[PDB]
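Novice: Got a structure here, written out as structure tokens. Questions coming.
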Amino acid sequence: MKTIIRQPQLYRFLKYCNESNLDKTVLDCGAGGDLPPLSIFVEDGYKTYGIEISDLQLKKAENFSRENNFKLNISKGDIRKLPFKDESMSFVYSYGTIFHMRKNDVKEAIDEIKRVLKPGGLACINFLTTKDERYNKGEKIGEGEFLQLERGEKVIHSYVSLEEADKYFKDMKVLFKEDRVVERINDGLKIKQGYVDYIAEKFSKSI
Amino acid sequence: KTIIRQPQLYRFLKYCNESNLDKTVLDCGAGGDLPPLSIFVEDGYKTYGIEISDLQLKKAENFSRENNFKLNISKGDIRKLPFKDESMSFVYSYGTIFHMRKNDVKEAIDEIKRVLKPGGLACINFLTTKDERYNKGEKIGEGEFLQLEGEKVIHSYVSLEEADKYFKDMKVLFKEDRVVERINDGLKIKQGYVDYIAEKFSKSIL
């Protein structure tokens, strides 16, 4: 493509989607920013759709689009209420996104992902875990939910245990689950991050 | 463009792209049907690879000619790199090192460090004690096992404390402890890896 996206797990997801027998249609729930990962899907022949709630992030993704001569098909919207029909998407991901919401909203959004996914369709979703350095920091607003100042702005972070995250996929076939603890030097200093990533397939139902 | 199997190497590539050093990369253990040197070649790098297996070398050369590039992979032993001191900006050994006894691991890592330029980056990963296969098969050394990945093959496993000691004289930019559960042969399996990206210090003498 030219540039490498920031979240390398989405290259694993792209490889799974390429291997799936379903046709190449993908939705990014939370798609904006200056390096939108839908780029690697468009570059690999996908029909893409994106949803983004932030005006600024949507503007950044559009600038990137123009600069690179892409149409990514990102629209303003709320991932808790997807404007797509039931069983319309082969593949859906919400990566680095879902945990910016309260747990009731996380459930709404995941339910929407499940709804729009075709039978046999793949979802990729990741979560902050209780192994993250910022678990229990900032202002507690709910169980496993904190309002934190990050880069000058208030952000909600929700955190899960692995037992808790598994419950979101108990009705799906988990193909890939990775629990990770990352220690990386960000802006001069070491930070510890905790994520669990899932790639799961929607069951087909009969009789 | 087939996507490579090891997504962490896309992260490594981005680190290498951000470095000020020129774009030369060595893959220690480079063969197979989907050589990750492909992503570096595609991004403008001068590439070098070392591969011990004739079969693995053949698979990578067929891939290369099928995809219309030259990866510059040659037969060799990663414990004895045919390159000069401080010749390479970037070096990786990914999915490779832990197929050896720990004495051999040390030799290979020492070689990576040797050929790496000051300021250069290394990416290396390891099997950890969280892997399901830790303590299975025939124990031949502390954290060394003869297992059946097939036929009798060597796997070495590390604790994180143990893995850290390999980079104690380097600047670790990125360290990721991973526990992966996925499907193999119709069953859920659990794998444990730790991945490092580290930078070589410039050294001076007072």
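Order determines the names: the first chain of the structure tokens is A, the second B, and so forth; residues in each chain are numbered 1 upward, and ligands are numbered 1 upward as they are shown.
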Give me the chain B side of the contact with chain A, cut-off 12 Å, one line per residue showing its nearest atom pair and distance in Å at one decimal, counting only C-alpha atoms, sorted by chain and residue number, as a tab-separated table.

Specialist:
```
residue	atom	partner	partner_atom	distance
B:1	CA	A:44	CA	7.8
B:2	CA	A:15	CA	7.9
B:3	CA	A:15	CA	5.8
B:4	CA	A:15	CA	7.9
B:5	CA	A:12	CA	7.2
B:6	CA	A:12	CA	7.7
B:7	CA	A:8	CA	5.5
B:8	CA	A:8	CA	6.3
B:9	CA	A:8	CA	8.3
B:10	CA	A:8	CA	6.1
B:11	CA	A:8	CA	6.0
B:12	CA	A:8	CA	9.6
B:13	CA	A:4	CA	8.0
B:14	CA	A:4	CA	6.4
B:15	CA	A:4	CA	10.2
B:16	CA	A:4	CA	11.3
B:17	CA	A:4	CA	9.4
B:18	CA	A:4	CA	11.2
B:39	CA	A:4	CA	10.1
B:40	CA	A:2	CA	11.2
B:41	CA	A:2	CA	11.9
B:42	CA	A:2	CA	8.7
B:43	CA	A:2	CA	7.0
B:44	CA	A:2	CA	9.9
B:130	CA	A:179	CA	11.5
B:160	CA	A:181	CA	11.7
B:171	CA	A:185	CA	9.8
B:172	CA	A:184	CA	7.9
B:173	CA	A:185	CA	5.5
B:174	CA	A:184	CA	4.4
B:175	CA	A:183	CA	5.1
B:176	CA	A:182	CA	4.3
B:177	CA	A:181	CA	5.3
B:178	CA	A:180	CA	4.5
B:179	CA	A:179	CA	5.2
B:180	CA	A:178	CA	4.4
B:181	CA	A:177	CA	5.1
B:182	CA	A:176	CA	4.6
B:183	CA	A:175	CA	6.3
B:184	CA	A:175	CA	9.8
B:186	CA	A:175	CA	10.9
B:187	CA	A:175	CA	10.5
B:188	CA	A:175	CA	8.7
B:189	CA	A:176	CA	10.0
B:190	CA	A:177	CA	9.4
B:191	CA	A:178	CA	9.3
B:192	CA	A:178	CA	9.6
B:193	CA	A:180	CA	9.7
B:194	CA	A:180	CA	9.3
B:195	CA	A:182	CA	9.4
B:196	CA	A:183	CA	9.6
B:197	CA	A:184	CA	9.2
B:198	CA	A:184	CA	10.3
B:199	CA	A:185	CA	11.7
```

Novice: Please give the complete set of residues from range 56-192 of chain B that DSSP, run on the backbone, assigns to helix (DSSP H, G or I), formatted as a PyMOL selection string.

Specialist: chain B and resi 56-67+97-99+102-115+160-165

Novice: Pick out the residues sitting within 9 Å of residue 92 in chain B, and hand them over as an MDAnalysis selection string; count only C-alpha atoms, and ignore anything fewer than 6 positions along from it in its own chain.

Specialist: chainID B and resid 9 12 25:29 112 121:125 197

Novice: Between CA of residue 51 in chain A and CA of residue 133 in chain A, what distance in Å does the model show, to one decimal?

Specialist: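 Taking CA of residue 51 in chain A and CA of residue 133 in chain A, their separation equals 28.9 Å.
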
Novice: Can you check which residues of range 18-164 of chain A DSSP gives as strand (DSSP E or B) on the backbone and send them as number ranges by chain?

Specialist: A: 25-29, 47-52, 74-76, 89-94, 117-129, 139-142, 145-150, 153-160

Novice: Do a neighbour search on range 159-162 of chain A at 6 Å with only C-alpha atoms, toss out local chain neighbours closer than 3 positions, and write the hits as a VMD selection string.

Specialist: chain A and resid 128 to 130 144 165

Novice: Limited to N, CA and C atoms, could you put the picked residues into a file as a CSV table (one decimal), in the first residue's frame?

Specialist:
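Output contents, as saved in result-v2.csv:
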```csv
chain,number,residue,atom,x,y,z
A,128,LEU,N,-9.5,-3.5,26.3
A,128,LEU,CA,-8.6,-3.2,27.4
A,128,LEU,C,-8.8,-4.2,28.5
A,129,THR,N,-7.7,-4.8,29.0
A,129,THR,CA,-7.8,-5.7,30.2
A,129,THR,C,-7.4,-5.0,31.5
A,130,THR,N,-7.7,-5.8,32.6
A,130,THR,CA,-7.3,-5.4,33.9
A,130,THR,C,-5.7,-5.4,34.1
A,144,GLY,N,-15.5,-1.4,36.6
A,144,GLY,CA,-14.6,-1.5,35.5
A,144,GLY,C,-14.7,-0.3,34.4
A,165,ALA,N,-14.6,-10.9,29.0
A,165,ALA,CA,-14.6,-10.7,27.5
A,165,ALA,C,-15.1,-11.9,26.8
```

Novice: Mind checking which residues fall within 12 Å of residue 20 in chain A, counting only C-alpha atoms, ignoring those fewer than 6 positions away in the same chain, and posting them as an NGL selection string?

Specialist: :A and (13-14 or 90-91 or 119-123 or 201)

Novice: Restricting the calculation to only C-alpha atoms: of B:134, B:90, B:48, B:166, which residue gets closest to residue 102 in chain B?

Specialist: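 Looking only at the distances to residue 102 in chain B, the closest residue turns out to be B:166.
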
Novice: Separation of CA of residue 37 in chain B and CA of residue 128 in chain B, in Å?

Specialist: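 So the two atoms, CA of residue 37 in chain B and CA of residue 128 in chain B, lie 25.1 Å apart.
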